[PDB]
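Protein chains in written order, with the UniProt record's numbering: chain A, 19 to 101; chain B, 19 to 102; chain C, 33 to 125; chain D, 33 to 125; chain E, 2 to 23, 28 to 33, 36 to 106, 115 to 213; chain F, 2 to 23, 28 to 96, 128 to 213; chain G, 39 to 135; chain H, 41 to 135; chain I, 13 to 119; chain J, 16 to 119. Please read the structure below before turning to the comments.
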Amino acid sequence: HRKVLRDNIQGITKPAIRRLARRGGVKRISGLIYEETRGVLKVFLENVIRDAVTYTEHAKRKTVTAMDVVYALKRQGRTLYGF
Amino acid sequence: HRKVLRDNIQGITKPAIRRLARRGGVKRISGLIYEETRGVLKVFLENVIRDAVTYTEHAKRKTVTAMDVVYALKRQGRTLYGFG
Amino acid sequence: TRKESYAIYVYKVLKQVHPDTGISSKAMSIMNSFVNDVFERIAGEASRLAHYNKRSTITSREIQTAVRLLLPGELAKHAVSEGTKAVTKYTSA
Amino acid sequence: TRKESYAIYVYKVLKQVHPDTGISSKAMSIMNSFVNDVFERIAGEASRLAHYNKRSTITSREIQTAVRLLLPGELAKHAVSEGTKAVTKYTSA
Amino acid sequence: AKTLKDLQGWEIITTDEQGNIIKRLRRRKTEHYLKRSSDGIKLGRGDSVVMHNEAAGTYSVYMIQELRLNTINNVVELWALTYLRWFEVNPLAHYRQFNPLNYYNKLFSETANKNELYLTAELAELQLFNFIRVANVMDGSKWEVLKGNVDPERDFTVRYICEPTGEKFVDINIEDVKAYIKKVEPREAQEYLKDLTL
Amino acid sequence: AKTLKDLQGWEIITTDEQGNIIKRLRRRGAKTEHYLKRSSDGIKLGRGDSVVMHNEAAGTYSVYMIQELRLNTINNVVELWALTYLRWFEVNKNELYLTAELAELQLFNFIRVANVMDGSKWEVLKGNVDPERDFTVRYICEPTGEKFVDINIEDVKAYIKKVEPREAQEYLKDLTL
Amino acid sequence: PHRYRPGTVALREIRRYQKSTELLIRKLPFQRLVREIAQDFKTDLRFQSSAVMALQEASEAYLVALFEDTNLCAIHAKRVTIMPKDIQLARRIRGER
Amino acid sequence: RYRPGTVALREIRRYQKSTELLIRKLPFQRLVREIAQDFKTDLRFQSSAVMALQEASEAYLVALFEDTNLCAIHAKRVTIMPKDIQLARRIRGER
Amino acid sequence: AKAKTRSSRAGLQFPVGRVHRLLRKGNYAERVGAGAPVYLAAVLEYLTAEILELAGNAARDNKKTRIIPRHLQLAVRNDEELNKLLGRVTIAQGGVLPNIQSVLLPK
Amino acid sequence: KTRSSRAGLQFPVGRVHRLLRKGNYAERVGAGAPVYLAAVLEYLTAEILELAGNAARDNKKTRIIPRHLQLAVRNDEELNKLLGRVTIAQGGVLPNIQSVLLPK
DNA sequence: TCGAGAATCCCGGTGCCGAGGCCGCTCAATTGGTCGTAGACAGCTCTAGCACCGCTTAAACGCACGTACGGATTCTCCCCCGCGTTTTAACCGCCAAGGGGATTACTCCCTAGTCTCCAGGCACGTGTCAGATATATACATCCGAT
DNA sequence: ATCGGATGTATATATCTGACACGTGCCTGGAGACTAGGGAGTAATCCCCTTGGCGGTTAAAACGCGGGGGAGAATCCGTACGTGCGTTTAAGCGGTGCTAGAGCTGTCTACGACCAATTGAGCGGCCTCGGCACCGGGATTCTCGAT
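This is the structure we're talking about:
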């Protein structure tokens, strides 16, 4: 029994979202932006991870490897290099 | 000596762009919008037609068929139905 | 020469769903284009699946996984159902 | 088992264009992914070209047409040029 | 079940509102369950079952939450929330939240009830070759009204909801949990039961 | 040329901007120009040069002005794009008329290289005239043979030599409206 | 002299051109435009009627979608009049520029 | 003390000249595992898998923030708002 | 003996033999199992039936006995999942859905 | 004498031929397609590596890290158009701040 | 919020051309086998993913203060809409010429296939040098006092 | 504007360190030398469909003018967000320890490719009639200015 992972979307801290926006060229950030970004990231990871787990299960494996994630990202038109 | 085709981008008349915007749910149209739309349409058609003529030339043909337009659009992620 | 299509099959399915309802040639060609597009999508996804797993054959399992990859929501579920039924009938005969 | 890549060839090319320049392992993997991605794009486009014209062979002509479809601008020029040089040497040796 | 013969002793039944089916097109929500044909044992959403946990060696009670159908590896997946046995709880947490480690173990093992389970927001896929029988879950009042006739293998009671680690107990109506599992989709029910204890 | 055996007598010469070049790597802000040299006598055909071609479709000959040089198309190893001229019988038998209508020329119809001048140079050089080599161009019109607009042909040569083809073509199109 | 206020006929045209599927650009000017664009790629090309018809279908579809996005961008700036800046923004987010 | 905005621009330049990941590794890994828990039970992840997931997510979010900043500037503003993100995802087609 | 089409064994209307041929000769893999054509034809028939049901409803709403492309566009764009599947797809002679923003409305 | 040696290239013509033959692209594959394809891949690798080496020397570093690749690709118009829907890991972004957000 | 005017809508009548059903009639799907190998599968190796412990310290969180930015508000100029009048070229019907798209047939060039042979490229190992890190020192920039 | 203090930063130089470039054994994939069956080149012919033309209609486009209202500028107020500073938290790291499961191997069998005989399913062509387009006439639903 592992400790229940609950509301880990809150782990995407405010300074982290602020850093991401600073990289994107954002000078001033509103308050609702943080929860909006948490939701957006949650949907994104839901789709990508669902596809990656489909690839993992089709290979009759229990471990999600890097190739599954690369294949999912490519399948969603967000091709990723380096892995 | 075929007929010289010039200034045919002007054929996209102001009322035509107006109708296209009305179908897109546009209530008010600025004056400079029509020229911008003509330019954007020219870019789009240039890309699509260049790819379609590439497909036609590959087939060693002189007549651009509908399947060439369909293949070019589908290559550009603009899949079109109703022509094969 | 002969160039085939899905016209008779689409018409059969239409008469099943709507008995006394017709379809124009433009809409018929649209339906054929749709069937061919979905075919290309599912067969390509299954091809890449079998190529990922070092497999040489396209089994109905690859088609099922491709369907679950492509079709969204309930459309997937029902589809898989409609697939499985067919298979379980064909494998019975 | 052995799982190959494009490392040695990219290293040769790098030493040819920049003799005193190394590359990191992460950038190496990025270059390998780029090579494989471009390869599968060009090969898929050539496959579609052959399939559309009811042909069964991926000749160099299909590769050149796929390059003119996929690579943009001056890249399309020089690449074609390079593709023609190699062939010219290959048929000579 | 993984393959078809893994459910050969079972049968899948689907009901839309009340009537049964032997549909194709979508409509403006169908429910699924599985029946053991040797005695007509129906397992649906919200039902509580007992499984042979061959890892602990004893057994473990679960509450069916979702019934995934036609996955790419299993023909039928049985998702269920887990229960907590009386020996899977933390004695220190119960002695500090309600009121030397061996002493609290003694207090708990002597004073607690052998058939008192506790819900968890964690779920585990179940297989039918480890199923025994269907469990009957009581609440706080029905367990005291029914004291004489209590089958030690079929009767259990649940009052609190806590995390799998065995702390931060929160009581809730278990009959209302049974209703809420069948009423709403699992994506929202699991989330609700998860944030009930944080 | 379609095949490689269709330009055996010629050769493709590449130049940076004006000096000779013989390389692969796409250099920043350096557009490479191309022309072709006949080795039989080293005759150079590039952008701007006006040539005379055998037009077997009309029975006569036609005069063109090389505008663009496509290398390695997906059907021809070399495509020769050129503006067409209107001869005297399509409107002095050695006065041509420029048009924006383009045409694709094949090297096996090449004859000579036309010497095109304006009106002043035509009056200055009257005693020493060659009928099959020297022509004069004063106007530019439509392919139908009307709407004449006078223009210095030397300046048009320079402008075709300078700016890119896709721009000069549209420029020449709107010169008659 | 009966006279409709500014915007009424605009909304009526929106409703009139949203309930129909006919092509909104004149056919022959569009065909001549397609030929003028294609004459820069290969000289003396021919076109199937279906080719230019599919070109016009795809063109009008793309323009209607871009106009929807452009109107959303104009409303986002608390405006009801589409402007070239809105088209530029729409094509910048789509990745077309 | 600097005016409000100077430290923000310095942050912009710092985080644009560098390429390190801006999210903590362990919370993101926990998030990935929580999300995957609703898909399959008892899944394992290579380090490279979660790392590729984080790189992809960070790239996605930073590009979305560039487009959102453009959406905010288009409305004569210098502050990003949720409607900016919503409009950007609508134009992109994610909506 | 006597012949029997696989479409009859599967209980489908779409051609199982034609799908099998298109899969084997479509350059998708080295070989094709005998279960892939049945499954694929079934999925294609189901999606065709969905499109045709929604489009026939759209045609009956206009009191027309024949399906035109406009009905197909209505059926696709009014269904959430079908519109999500046919996102990057243009239905010729389909038109757009009757939609007007809130701010553009008269006051 | 390998075919890559006969054609004056560095990329493996034999391996490209193997991948084209067994990649399920067509029934038959001509012996001139791998030569052309490898030559094109060599040109593209050369372009990216030369621009990345330039950007790396401008960063006073003799080893090419992913940041140099991202800089070279995003600064070159046609390369960026080639890798539009492509994400380079560990590459960051180009330094660009809108003119509206500059201090007064 | 009540009538005059103006768009649209719905229904009746007429005609038309395209959707449908049906007729042969090729050819591809089926049947019926044989044979080759792809993968199902149990087993062994051993890679690396999980779990954990404590320490350090960087990161996150909360809070005080202030300012500058968003949002509402009023005013104003001109620009785009509604509508009338004039001009134009799209459009439809019908006709004719032939260019080039298909189809067919013959030939032969080419690429898959195999068998053998060998070396190119990879897994493994090792030393060592370019970059991440650090401390300190000018230096650009910000910001308020004057 | 101009000048001093303070802050963070660009910059010079030095120091580790672990990641990278090269040496080495080897084995599995690529090359050489044939052969064969079909795909593709190439010429000949049918015929479809693309181009082009002409006349008349008129509906759409172009032009112009009045004017309503929408975009844009300038202003004011409140408050939400930026910036430091101190406190709280857990991320990161650096090891150990284990074991679940990824990965590789060696069969052996069932399933799919391949080819020959047969036919009826699905193709192309041929009418032909009715669903629908077109047009008009009257009703309904707005819109907009005011008693």
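Just so you know, even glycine gets a beta-carbon here, dropped at the ideal spot from N, CA and C.
Find the nearest neighbour of residue i within the set the options, judged by alpha-carbon distance.
{"i": "residue 50(E)", "options": "5(E), 197(E), 211(E), 164(E)", "result": "197(E)"}
{"i": "residue 126(H)", "options": "38(A), 94(A), 57(A)", "result": "57(A)"}
{"i": "residue 55(J)", "options": "116(D), 125(D), 43(D), 78(D)", "result": "116(D)"}
{"i": "residue 11(E)", "options": "37(E), 45(E), 38(E), 18(E)", "result": "45(E)"}
{"i": "residue 83(E)", "options": "71(E), 91(E), 122(E)", "result": "71(E)"}
{"i": "residue 179(E)", "options": "93(E), 194(E), 193(E)", "result": "93(E)"}
{"i": "residue 95(J)", "options": "110(D), 105(D), 109(D), 49(D)", "result": "105(D)"}
{"i": "residue 211(E)", "options": "146(E), 151(E), 134(E)", "result": "134(E)"}
{"i": "residue 45(I)", "options": "40(C), 125(C), 88(C)", "result": "88(C)"}
{"i": "residue 60(I)", "options": "84(C), 85(C), 39(C)", "result": "39(C)"}
With a CB to CB cut of under 6 angstroms and the five nearest residues on each side skipped, what residues in its chain are close to residue i?
{"i": "residue 139(E)", "result": "89"}
{"i": "residue 209(F)", "result": "136"}
{"i": "residue 85(G)", "result": "none"}
{"i": "residue 81(F)", "result": "3"}
{"i": "residue 131(F)", "result": "172"}
{"i": "residue 75(A)", "result": "none"}
{"i": "residue 31(I)", "result": "49, 52, 53"}
Apart from the five residues on each side of it in sequence, which residues of its chain come closer than 7 angstroms, Cβ to Cβ, to residue i?
{"i": "residue 119(H)", "result": "112"}
{"i": "residue 77(C)", "result": "98, 101, 102"}
Tell me the DSSP bridge mates of residue i?
{"i": "residue 31(I)", "result": "Answer by DSSP bridge pairing: none, since residue 31(I) is not bridged."}
{"i": "residue 69(E)", "result": "56(E), 89(E)"}
{"i": "residue 158(E)", "result": "Paired residues: none, contrary to the question."}
{"i": "residue 21(E)", "result": "16(E)"}
{"i": "residue 188(F)", "result": "Paired residue(s): none; residue 188(F) is not in a bridge."}
{"i": "residue 151(E)", "result": "170(E)"}
{"i": "residue 146(F)", "result": "58(F)"}
{"i": "residue 119(G)", "result": "46(B)"}
{"i": "residue 140(E)", "result": "86(E)"}
Could you give the C-beta distance for residue i and residue j, rounded to a whole number, given that I count them as a contact under 8 angstroms?
{"i": "residue 59(B)", "j": "residue 97(G)", "result": "6 angstroms"}
{"i": "residue 30(F)", "j": "residue 62(J)", "result": "7 angstroms"}
{"i": "residue 68(I)", "j": "residue 110(C)", "result": "About 18 angstroms; that fails the 8 angstroms criterion."}
{"i": "residue 30(B)", "j": "residue 67(G)", "result": "7 angstroms"}
{"i": "residue 76(G)", "j": "residue 84(B)", "result": "Actually they do not touch by this definition, with Cβ atoms about 14 angstroms apart."}
Beta carbons nearer than 8 angstroms to chain D: which residues of the stretch 88 to 99 of chain B have them? 89, 93
Name, going along the chain, the residues of the stretch 117 to 135 of chain H whose beta-carbon falls closer than 8 angstroms to a beta-carbon of chain J. 118
Scan the stretch 66 to 79 of chain F for residues whose Cβ lies nearer than 9 angstroms to a Cβ of chain D and list them as they occur along the chain. 76, 77, 78, 79
Interface positions of the stretch 77 to 95 of chain C facing chain I (Cβ-Cβ less than 9 angstroms), listed along the chain: 78, 79, 82, 83, 87, 88, 89, 90, 91, 92, 93, 94, 95
What residues in the stretch 54 to 70 of chain J have a beta carbon less than 8 angstroms from any beta carbon of chain F? 58, 61, 62, 65
The stretch 95 to 116 of chain J: positions lying closer than 7 angstroms to chain A by Cβ: Close to chain A, meaning a Cβ-Cβ distance shorter than 7 angstroms, are the following residues of the stretch 95 to 116 of chain J: 100, 101, 102, 103, 104, 105, 108, 111, 112, 113, 116.
Report the residues of the stretch 30 to 62 of chain F with a CB closer than 9 angstroms to any CB of chain D, ordered along the chain. 30, 31, 36, 37
Short-range partners of chain B found in the stretch 22 to 34 of chain I, where Cβ spacing is below 8 angstroms: Within the stretch 22 to 34 of chain I, no residue has a Cβ that lies closer than 8 angstroms to any Cβ of chain B.
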